[PDB]
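Please read the structure below before turning to the comments.
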Ligand SMILES: Nc1ncnc2c1ncn2[C@@H]1O[C@H](COP(=O)(O)OP(=O)(O)O)[C@@H](O)[C@H]1O
């Protein structure tokens, strides 16, 4: 019984799984595969340049 | 035939059961209500369907309720005199402008349950 | 004859009361199955897209 | 306009299903009740 | 409020059903006929009965002429309708009409005067505190229990298809066809002539209706069934008349309901019920059609023929695109479904807001019914 194991209405942030478009399903996975926001912040040489420029 | 059998099951169980419970309860309550007023004279009915056939007790009940003198019943023990005795009470009800629908003497004489119960209910609605 | 009539009436009532439970179980089994149908087709569509 | 004229707004859809299920359950229990007393 | 339950009255052309709210089954079910005597009355002292109405009008049908107050869903004679309503309220249920509100059902596309006269009769004479008028095919969806679907209701007077998506009904896609079991009974009475049986009186029409209800079915393939009936005699069945005579219906069994799918047997130019349902589906928008394909609901007593669902599914599948999945939902209790929906509608706590009060009628005349209801 998988259907007893979990309930769609128990968790809203599991309820988000059911109502996804397929291209929206790729966009999240690809974009957190890339981790661009982590890359920009972790890399210093571009970072203090952006800091001081602002 | 399977769904036909299921439909016959549904309309054999529920439609019969609810109607029979309601009419049994109504029969007991109407019997008590008639017995309360019929106890002023020395008269008492055990079964509503059977004792109301001859038409004498209907005349006695209408005489007790209304308060004036109805014509005395036809002196007989046949089916025709029975029909006459029921028709006298029905015509006396036609005096009081009480509205009776699908009510005949033969319906009371034969002992149709629903029409007898409706007649008693109409009498109760009038004379209360 | 009268006694036989009323005892068989009791048997008939008991047996229709038995049949109603099978009716209910059939209905709720089908209502359980159709959402499994709707689940597998959506998840297979996701698999093909991937 | 007035598309929602015949019905009231902001009603919970779950209540109708629950009462329909209750009427359904009355058949399975087949409890026999008399009519309301006048 | 809690103990008081509004009466639910389903009022079709063929039979009248009545009961209390919150009940699974109606208390009183009886045919809607009004009969009157025609012969001599010679026995003195039997009493006078001017009119016979209801089930006991059927029992003495030998000496009566029978009239139907409702024809094609329209109340042609109103006095007989008052007789039926009085017999329902007093003899059948034994309830005072002042105590409880009344819920009524009707066809979708009807003349306005029918609704106005219904409201006027139920307020002026029976003196009811509240009353509501609803559509039968909408109540069928309440009985089914789903938000969306298309309802094809076929009774004794009229057939109609309404689509509903997410609780919203499309008025322009509602379709009405004047092809019901009444015309099927007339067609069966016509086609029984060629085997030597003649039924002409109004009393024999009930016998023909009983024959139709007992020995009729819908063939899945018309031409193959006709070839089978011509080849062999295994399809023949026997029926016993009330006078003891025996008739053999034979080939006619699958020919009487076939007029539902091909109206050209009756001379009508209209389309069949399957084509009517398909056209009602395609009159809606593009997006909802898939859902309307998945929740087709059958209702009414005319859809009680054996094999109607398989033939309907096959015809709709043939008309519809192949990539869609077509299923027909027909509960075993589809004769009473409308009434059940009415009870479900009558017991809701929200619906207590939507009753038409007597004061509102006193202010607005009989025209209040169009502003409320539907
Ligand atoms: N068991 C049955 N099999 C086939 N047809 C039936 C059956 N019962 C009723 N009918 C048809 O349905 C008609 C009655 O329909 P009904 O449900 O009374 O319509 P409404 O209630 O809307 O007037 C009858 O005239 C008959 O033609």
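All Cβ positions, even for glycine, are placed from backbone atoms using ideal geometry, and neighbour counts span all protein chains on display. Readers should treat all values here as calculations from the given coordinates under stated rules, not as data from a laboratory.
A few remarks follow.
- Computed from the C-beta positions of residue C:9 and residue E:96, the FRET efficiency with R₀ = 45 Å rounds to 0.80.
- GNM result for chain E, Cα springs below 10 Å: residue of E:312, E:268, E:46 fluctuating most strongly: E:46
- Seen through its C-alpha gyration tensor, with square-root eigenvalues sorted a ≥ b ≥ c, chain E comes out oblate because a/c lies at 1.5 or above while a/b is not bigger than b/c.
- Taking the longest Cα principal axis of chain C as reference, the axis of helix C:2-49 is set at about 0 degrees.
- For the protein assembly as shown, share of DSSP beta bridges that run antiparallel, in % to the nearest 5: 70
- The stretch E:1-82, relative contact order in percent, only Cα pairs under 8 angstrom and at least six apart counted: 25
- Inter-chain Cβ neighbour count for C:11-22, averaged per residue, equals 2 (cutoff 10 Å, partner chain atoms only).
- Inter-chain neighbour count for D:22-33: the average number of beta-carbon atoms from partner chains within 10 Å of each residue's beta-carbon is 6.
- For chain E, the relative contact order is 20 percent, taking Cα pairs closer than 8 Å that sit 6 or more residues apart in sequence and dividing their mean separation by the residue count.
- Helix axis angle, B:79-95 relative to chain B longest principal axis, alpha carbon, degrees: 80
- Listed from fewest to most Cβ neighbours within 10 Å, the set D:32, B:75 follows the order B:75, D:32.
- The calculated 222 nm mean residue ellipticity attributable to helices in the protein assembly as shown amounts to -15000 deg cm²/dmol, summing -39500 (n - 2.57) over DSSP H runs of n ≥ 4 and dividing by all residues.
- Sorted by Cβ density within 10 Å, fewest first, the residues E:189, A:30, E:152, C:23: A:30, C:23, E:189, E:152
- Global geometry of the protein assembly as shown, whether rounded, prolate or oblate, following the gyration tensor of its Cα atoms and the 1.5 cut on a/c: prolate
- Tail fraction, Cα-Cα pairs, the stretch B:1-56, threshold 15 Å, whole percent: 63
- Working from label points 7 Å from Cα in the Cα-to-Cβ sense, the residue E:270 to residue E:231 distance is 3.6 nm.
- Among E:17, E:283, E:60: highest mean-square fluctuation, GNM of chain E, C-alpha pairs under 10 Å: E:60
- Whole-angstrom gap from the stretch E:141-193 to the stretch E:239-257, using each part's C-alpha centre: 27
- The stretch E:5-162: relative contact order in percent, alpha carbon pairs under 8 Å with at least 6 residues between: 23
- Mean per-residue shielding of peptide E:89-101 is 5, counting Cβ atoms of other chains within 10 Å of each Cβ.
- For peptides E:134-145, C:29-40, sequence by mean Cβ density within 10 Å, most packed first: E:134-145, C:29-40
- Pairwise centroid distance, computed over Cα atoms, of chain C with the stretch E:1-55, Å: 36
- Among E:255, C:13, a tally of other beta-carbon atoms within 10 Å of each Cβ gives an order, fewest to most, of C:13, E:255.
- Between helix A:44-53 and chain A: long-axis angle, C-alpha atoms, 0 to 90°, nearest 10: 70
- Whether the stretch B:30-128 is rounded, prolate or oblate, judged on the alpha carbon gyration tensor where a/c under 1.5 counts as rounded: rounded
- Within the listed set E:196, E:155, E:272, the Gaussian network model of chain E (springs between alpha-carbon atoms below 10 Å) gives the highest mean-square fluctuation for E:196.
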